[PDB]
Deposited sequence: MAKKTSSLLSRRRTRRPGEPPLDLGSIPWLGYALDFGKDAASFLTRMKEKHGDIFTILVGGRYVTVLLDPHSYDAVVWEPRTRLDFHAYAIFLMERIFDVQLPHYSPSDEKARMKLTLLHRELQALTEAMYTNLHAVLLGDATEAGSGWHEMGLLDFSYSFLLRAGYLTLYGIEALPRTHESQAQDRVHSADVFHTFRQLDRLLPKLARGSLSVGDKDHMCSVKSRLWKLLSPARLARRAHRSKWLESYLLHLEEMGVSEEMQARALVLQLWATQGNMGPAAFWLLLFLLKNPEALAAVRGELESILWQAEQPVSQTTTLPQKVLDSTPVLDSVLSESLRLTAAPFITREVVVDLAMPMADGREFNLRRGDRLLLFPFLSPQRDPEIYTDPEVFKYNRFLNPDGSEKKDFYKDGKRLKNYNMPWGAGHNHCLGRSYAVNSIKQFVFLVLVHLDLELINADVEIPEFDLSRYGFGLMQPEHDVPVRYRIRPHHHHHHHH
């Protein structure tokens, strides 16, 4: 490939066809940071036979993310995930249509219904497990801890419970069942990045197929039909699939895709948040102080009146949420930059924006971006800090864990509420400690850049107990 007039800087690397496939795959953030240093805020790279133009000027993001599908296609990842990763085939499939239908089931009123059920399920699973284990300290990995309880509760909230009214045995059954779902799901979640790259070994392939087969059985419509207090989201989705004449077996596959889609981020998000608090005594004291003040007067103020916790969650996501925002270039076109520049992109190129690098870890926007500063999103007077700058201009987009434009989180309020509820339960109802107070924060699994929340390369040992009194 030879650069044409008005195109971004072009960097093909050394290896024919593959280009920077290895570098990008191994550690996308480090690789792209170097490319930014070399080329500036926009550049084109060869990666695995594809030409990818990377845009890293956060002021220029807004234009891109709202472009019509006639210019920049925002359906490609959804199709790839549905058909190529989760093995789902739907008739007349349109990601926009599916998204619009889901929105209608996730309006403010319904998200508030989910929030109420979520607290009940978080409480039931957390205190249920803790009660079964008994009053002592119990040792666990913090990710296993956070991901298990959030996913199990999220599953019970969206997909329903064993019985209503709730009984001792039905709740116990949901603890065992949800644990099975989680343990099976985690095997898929660990293998997903390798599946996406097509790098599974013969043995890995058999493992993934076995896990998929089990999950498809567990979340079959026949199994789900008997469950109580199913979410409107689920009921509507099932009705939609039925109306399209989708088989119950294919519905199962679609439902497993949704399990990963909706539950693959909250647990990891909470893991990092709790870890940051445990490693930063002042931050932890501020959060506990805020929550205890509310307790002394789920108390509704925990959701609507936790300014310190809001900053903490924003700060944790700033450091750890790393989704790619991608588009396929549909036609040869000119893309405007915020500074007045214009760059030509070619039909068939991929466009990649990476908020993790900028704005989120941009040292011109945030002072010491690598550091967890619990009050980064607080003004001195305690009000929310919303004013961040780059290149002499106020940023519209400064922290983007929920996406932007056409592809943004439809469950944000519920996701935020769920994480807050979990943190409240853990910090107020439990004692929670690092085994080693001096343990260093683990590196990311660097191969997972682009999906959403990062996961740690290894877990962090903690211990918890029910608060003695």
Coverage holes, deposited numbering, ordered by position, sit at 1 to 12, 310 to 319, 492 to 498
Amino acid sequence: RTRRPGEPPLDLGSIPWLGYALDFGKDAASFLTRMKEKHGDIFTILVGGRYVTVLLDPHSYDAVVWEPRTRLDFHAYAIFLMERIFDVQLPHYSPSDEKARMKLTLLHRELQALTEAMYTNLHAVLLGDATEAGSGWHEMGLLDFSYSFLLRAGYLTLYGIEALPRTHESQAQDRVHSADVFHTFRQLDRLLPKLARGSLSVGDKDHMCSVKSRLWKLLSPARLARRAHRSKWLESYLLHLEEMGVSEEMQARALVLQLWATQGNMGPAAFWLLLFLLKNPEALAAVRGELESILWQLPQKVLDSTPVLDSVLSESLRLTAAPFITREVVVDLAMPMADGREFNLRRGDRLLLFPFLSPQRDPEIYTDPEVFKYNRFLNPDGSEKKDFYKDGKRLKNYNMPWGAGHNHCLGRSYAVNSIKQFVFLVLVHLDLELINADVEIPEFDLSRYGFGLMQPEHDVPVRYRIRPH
From here on, numbers count along this sequence of modelled residues.
Select between 325 to 333 and 179 to 187 the stretch whose C-alpha atoms have the higher average B-factor in the entry.
-> 325 to 333
Of 203 to 211 and 102 to 110, the stretch whose C-alpha atoms average the higher B-factor in the entry | 102 to 110
Say you rank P91, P307, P363, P281 by Cα B-factor from the PDB entry; which sits at the top?
-> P91
Which of these, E315, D349, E370, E242, has its C-alpha atom at the highest B-factor, as the entry lists it?
-> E242
Sorting the chain's modelled residues by C-alpha B-factor, tell me whether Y61 ends up in the lowest, middle or highest third.
-> middle
Lowest, middle or highest third - CA B-factor, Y398 | lowest
Rank-wise, by C-alpha B-factor, drop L143 into the lowest, middle or highest third of its chain.
-> lowest
Going by the recorded CA B-factors, say which third of the chain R376 sits in, lowest, middle or highest.
-> lowest
Lowest, middle or highest third: where is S418 by Cα B-factor in its chain?
-> lowest
